[PDB]
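Remarks on the structure that follows.
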Amino acid sequence: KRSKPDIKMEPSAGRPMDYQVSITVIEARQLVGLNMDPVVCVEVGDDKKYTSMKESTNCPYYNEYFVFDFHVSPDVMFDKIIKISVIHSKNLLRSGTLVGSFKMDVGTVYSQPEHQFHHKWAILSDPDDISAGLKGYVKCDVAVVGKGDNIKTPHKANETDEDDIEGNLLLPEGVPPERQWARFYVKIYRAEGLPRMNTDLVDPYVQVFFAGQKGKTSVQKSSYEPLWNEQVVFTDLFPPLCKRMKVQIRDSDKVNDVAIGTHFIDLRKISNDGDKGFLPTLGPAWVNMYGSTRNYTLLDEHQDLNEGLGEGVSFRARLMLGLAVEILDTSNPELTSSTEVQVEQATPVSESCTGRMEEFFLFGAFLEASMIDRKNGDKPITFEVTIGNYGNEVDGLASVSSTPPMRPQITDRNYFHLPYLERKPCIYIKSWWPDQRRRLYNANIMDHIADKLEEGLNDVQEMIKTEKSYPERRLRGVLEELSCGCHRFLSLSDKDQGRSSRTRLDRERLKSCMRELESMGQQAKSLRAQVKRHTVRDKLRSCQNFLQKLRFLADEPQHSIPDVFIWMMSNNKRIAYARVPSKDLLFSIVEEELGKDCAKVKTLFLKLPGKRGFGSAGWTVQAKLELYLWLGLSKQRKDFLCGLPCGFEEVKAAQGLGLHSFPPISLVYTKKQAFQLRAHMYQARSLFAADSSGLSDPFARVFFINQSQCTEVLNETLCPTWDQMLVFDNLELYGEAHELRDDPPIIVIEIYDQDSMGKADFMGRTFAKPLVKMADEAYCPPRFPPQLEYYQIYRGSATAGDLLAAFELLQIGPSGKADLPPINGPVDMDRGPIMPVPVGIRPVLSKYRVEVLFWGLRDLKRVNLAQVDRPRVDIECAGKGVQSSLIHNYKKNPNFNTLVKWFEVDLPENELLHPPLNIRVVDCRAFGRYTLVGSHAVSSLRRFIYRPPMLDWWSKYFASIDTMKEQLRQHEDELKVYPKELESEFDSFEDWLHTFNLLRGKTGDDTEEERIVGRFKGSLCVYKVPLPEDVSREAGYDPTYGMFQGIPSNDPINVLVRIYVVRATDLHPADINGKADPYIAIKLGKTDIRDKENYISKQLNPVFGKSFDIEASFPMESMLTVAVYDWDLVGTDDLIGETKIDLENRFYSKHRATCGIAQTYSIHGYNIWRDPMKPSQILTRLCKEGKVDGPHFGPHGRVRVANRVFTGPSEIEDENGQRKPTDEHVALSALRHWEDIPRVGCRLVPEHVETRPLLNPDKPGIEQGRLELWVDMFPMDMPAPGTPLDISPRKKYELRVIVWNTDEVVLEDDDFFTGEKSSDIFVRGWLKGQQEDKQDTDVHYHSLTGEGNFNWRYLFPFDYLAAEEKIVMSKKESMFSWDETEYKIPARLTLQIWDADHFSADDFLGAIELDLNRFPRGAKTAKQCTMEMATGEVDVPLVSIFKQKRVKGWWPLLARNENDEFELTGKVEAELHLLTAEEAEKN
Ligand SMILES: [Ca+2]
Ligand SMILES: [Ca+2]
Ligand SMILES: [Ca+2]
Ligand SMILES: [Ca+2]
Ligand SMILES: [Ca+2]
């Protein structure tokens, strides 16, 4: 396949769109400064915000969130810098001292696989001083997201998880952590070809921006060809995290300096990292520079094109440039330690290093110039072609550049055309460019193999779309051809070694492309063998991992010949432009090295320059040229007319009369051939909506050469069936048969919405190439007759539907129109000249029946600000359909009194060609004035076409969360924990019930929720014929309810929902201080419960443990929403997150999604069964609903469902402790293995929590945080359930120690009165921190050898959990906080021996820090205590007091000496004891 051409008016480049960056700075560490007061400043481009001030902390904590929003182009967003700085003593009076700064850019943060860095530590270096060392690190999370992106957020963990600096640096892949300094020389030499800005002179100077620094050269006053010869040096951290250098020529002025042009050097194209890579280098070579139009205007609206914001519409300058980096040793005292940008004199380079200036030649032939836009074509028009400054005759051999102006004639009401016919104007341009053709040839072979590969991937994507047989063989052939072209590029590009015009970048880029493309060829040859159908899609992605990087090869940073520009001018006022690259036009002998646009006629769509080329002004095209272009050496000009169609005869200018090889000013064609286009137009689907009713009036105009016709208008449909051909009679073309069959001409098809007057709104356009046939060839299969194909219409950037067409070009023969095929006349003869699509091309139709289950309608909005009372649904498929029964009142019952009804239509035989079914709800008000409430049409029927087939419950939560963590890590009692929406694993519970998303309004462009006017609930069943009896008995049991038998009841039923909110983690902070105060809000219908009375305070990871009961009247009250809210002391409360969980499909699924089913039964304790019915009654109800025999019972260990038997345990315990027999365990096992039923077998949800991502309307597609919750449904017409689960969040302990004596404590104090050494020994110890566990003993004054006597008892009461061995407490973070915050640490004790004084603080002598779970055992005597029991010797075992409960021993306390080791500075005899809270009151 892939006969369609891919042309788009709006590419990805140029269009500005909304981005935002979110930067949070969690904790700063390892900073430097004496009594410093840090503030973290975050800068993105031209703005910056500061955090709060912290006083005298070395490790401050901020956790402050910043969001920067911009609406800019993607390329200029990727060039914005990100600066994280730390400032000491910032104030407005005096500038604070800079501690450290870190530079980064937006574009490489976007280059992450998650478009973000999670928990990464910025290296806060010193940009102000190269010789200075590291100034600290700052942990941060930085994310870049624009509109239209869906991303997954990783675990936003606290300090209790991995937070180490070195393994989580703020680096991309492959960057070395030390980031050695470098000098970046750019060497601006010369320039040529400047325009006029004084009216007419210019005062240029080159300013270069990189990494937030800038440097400008001197100004060469009054010179259009200036010579700067100056070099600008930067210094930054190699490798540069910023990936672009903005070099910009500027015209200096005394009031407002403006821009000449701007070129962006992408540093990835000129560099390679690693030990096999090479340092950044470029040039000395010429760089082309494009911008706005060269003629001066005082109010130029295209000024931003000179700044690089968009696409250059004309050539503006050529700049000689060089670049070279070097790594400098910053420890050398020979060089100054400065950092700022410097401008010095550069070394002059000869022109022979960039290639000799040499004369090139451009030839162009304007064959066709049609579809000129009407609002400009009242004047005669021209076509000015300029390459470089050559051909700029308007602004200022004799080269010609313009076609002769002559008036445009009428084609239709929307476009003119130009009557060239046989007189084709031509242009010839002499030019002088350097001899760097080999660079363009290498980039051209790169682009040629990349174009072949991209054509292969688009072809196999089309065979994926149309389900053609074995695309894996096409993939293997594509990879083999890619390897063959790879070896061709290996054997081709290396033969021009002898020239000395190669720069420093040429050899390095050729070698790097050699190595990388050898790796690509061997990787493609290895990937060819593993291509398989069932894993084809990932293989496609691997091919994309080739192709884009191949384009990364093809982009040349040192382009020699500038792009050619083809313009339009009406009375010498510029209208529209096209810009063709010159690597595609260069002529050469080898076919892969030959340009893809050289010596062939190509279609070329002009467009408005700059900002007028975007949006609604850029809908209609400005011209559709059929241009022949050739570019190359004048000694290679021997065959620059060979690719042209034959039959032409030259006419030259006055200077070239009688010459041999003078290029012609014009051509006259004599070999005219007549043709006819049969524009087959069968259908369209999913078109754009251009009326306020949500539908349109589509009629399509077909444009071919100069003729244009329109198919008839159909009314109030987005999927029309015109059933019409457009006969363009007696076309004329010029050429021969072999130059036209493989390259047919272009047909452009636009669709318009007819309105109440003569104007018509726009739908977009598509393009086509007709099936071409000659007189000598016959109408043989499989080429003829042409089959209808799908043509993708694009309304600019956004897609706007498909189109059904079978275009064919047919030449007339020597017998005239008698050699034309027999035209099938109109069966409906009332249409007259409207001739339908003939047979063979028209899809052969067959009888189909559509049976529609009309279940209900949900949340329809107002029509003309009036409420909807009595809906009805019309259904249209292939023009005919059935209408639903009326409902009586929407507010009390939004359901139809009968459900199943059918209709008979004709549909095509193959399912790929099916027209879309269109449902339309309309209000049936009085007096027959029915208006459109909603419409849903875009659907494929393939899914509907039938074919015959001490423990608590938290311990159970821990025993499941660790298993799901183990399974997640191995991929990269117990409940089945689900990590996402339950709908994603259980296909939104759409077994028979389907939700069709119901639309009214114009289709959105550059949301669907604003178009939402409700949704339809129901099902479709479309089938050809009644099948044999065993298959058709599904409908044969009850024709009243049709094929949808097995349906459950439709009448309203009363229900309670029981929502359990377990916990939540990774909350986005509602408050700006990185904290939140969460509480659950729940809404369902009229019910809204907000539990503000039982909030959790100062928590981003709430342990909730809450259960709520909500009344609901189904089917109206089936739209539950669960949200988390933040308490605010003043003002209004701010929402944190909100999730939607609908209950219609959950209740009415076969999967039993009302309540989960546990792993096993227990009638007491932590595994209590919350559902009121036993599982025996549960599968009794499921067997009665699903037409299943069973359940059957025998002994208590077996249960029979259908023809299968399952097993399980027999006895079960209650709270009294005595066993009882039951068979409900085996019933629950049958519920677990319910998938094995041969007819009604599907999956069932187990008892779960779901980790639903909470979304926000402000950030679509972005998870603010994950919420652990699960819902239960219990219909109240069955008996009510009991007490809900005790999921409420949580043992208290007493640690007591006694210090008996001390020995060998170091005598720190010399005696003031007698002189001997002594020590006032006393003890101190604490578990948690300062304000809670600080206690000390009495002082043993004046020790002689370290002996002391205390006999003092400590006591530490606390809370504790043994699941993670964590001591549990909540305390205020600061004295200014409102209330307490929860903290977790492991079991710690810190013991110290001090030296008391009567007048000041005590002197530190010794310390130990031990764990109650793994401390080494104590000595038996004081003298047995040695150094080995405290250090890291493995010979000393460990004792846990949680199993021992009594420890007596001697233990050494260790000073903090300067030798980084431990020294015996004291011994302590200690008794250590553990009690509970109840035992502590009497022990
Ligand atoms: Ca309209
Ligand atoms: Ca209309
Ligand atoms: Ca708040
Ligand atoms: Ca708050
Ligand atoms: Ca003392």
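In the entry's author numbering, the protein residues as written are 250 to 448, 464 to 660, 696 to 1248, 1320 to 1342, 1401 to 1434, 1439 to 1722, 1725 to 1917. For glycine and all other residues, C-beta sits at the position ideal for the given N, C-alpha and C.
In this structure, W732 lies away from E648, with their beta-carbon atoms at least 9 Å apart.
A Cβ-Cβ contact shorter than 9 Å links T1592 with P1641.
Annotated three-state conformation of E1913 is helix, per DSSP.
Within 10 angstroms of the beta-carbon of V1204 lie 16 or more other beta-carbons, which makes it buried.
Cβ-Cβ distances below 6 Å link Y927 to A629, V900 and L943 in the same chain, with the five nearest sequence neighbours on each side left out; the list follows chain order. Taken from the Cβ of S995, at least one heavy atom of ligand 1 lies inside 8 Å. Distances between the C-beta of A1835 and the heavy atoms of ligand 5 are all 8 Å or more. Going by beta carbons, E1015 and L994 fall inside the 9 Å limit.
In this structure, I1694 lies near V394, with their beta-carbon atoms less than 9 Å apart. Residue environment for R1064: buried (at least 16 other C-beta atoms within 10 angstroms of its C-beta). Beta-carbon to beta-carbon, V1221 and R1141 are separated by about 31 Å, too far to satisfy the 8 Å threshold.
Inter-residue distance for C1615 and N1482 is about 19 Å (C-alpha atoms, whole angstroms). Remark: the C-beta of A1555 is outside contact range of ligand 3, defined as less than 8 Å to any heavy atom.
Bridge pairing for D1205: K1146 [DSSP]. With a cut-off of 8 Å on Cβ pairs, the stretch 1834-1842 is not in contact with the stretch 1807-1817, counting fewer than three such pairs. Going by DSSP, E313 is part of the beta strand (DSSP E) stretching over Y310 to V321. As the crow flies, the alpha-carbon of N844 is around 19 Å from that of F788. The beta carbon of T1683 is closer than 6 Å to those of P1407, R1698 and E1700 in its chain, skipping five residues each way along the sequence. If you draw a straight line from the Cα of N284 to the Cα of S305, it is about 5 Å long.
For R1602, the secondary structure class from DSSP, reduced to helix, strand or coil, is coil. Restricting attention to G572, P548 and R558, the CA atom closest to the CA of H527 is found in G572. Counting along the chain, the unbroken beta strand (DSSP E) around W370 starts and ends at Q365 to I372. If you check the CB distance, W1786 and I1842 do not come in under 9 Å. Distances from the alpha-carbon of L1410 to those of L1575, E1549, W1559 and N1163 put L1575 closest. If you look at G776, you'll find it in the alpha helix (DSSP H) that goes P770 to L791. Distance from the CA of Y1727 to the CA of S1804, rounded to the nearest whole angstrom, comes to 16 Å. When rounded, the separation of the alpha-carbon atoms in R1584 and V1677 is 7 Å. With respect to the 9 Å criterion, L1103 and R977 are not classified as neighbours on the basis of their beta carbons. A Cβ-Cβ separation of about 5 Å places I726 in contact with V699 under the 8 Å criterion. At least one heavy atom of ligand 4 is found less than 8 Å from the C-beta of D1503. In the structure shown, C941 adopts coil according to DSSP, grouped into three states. Shown here for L1017: same chain residues with a beta carbon closer than 7 Å to its own, the five before and five after excluded, namely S985, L986, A988, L994, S995 and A1236 in chain order. Taking the Cα positions, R1602 is about 15 Å away from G1537.
Distance from the CA of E276 to the CA of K388, rounded to the nearest whole angstrom, comes to 5 Å.
For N1783, the pairing in a beta bridge is given by DSSP as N1735.
Sequence-distant partners of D1158 (beyond 5 residues in either direction) whose C-beta falls short of 6 Å from its own C-beta, in its chain, are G1446.
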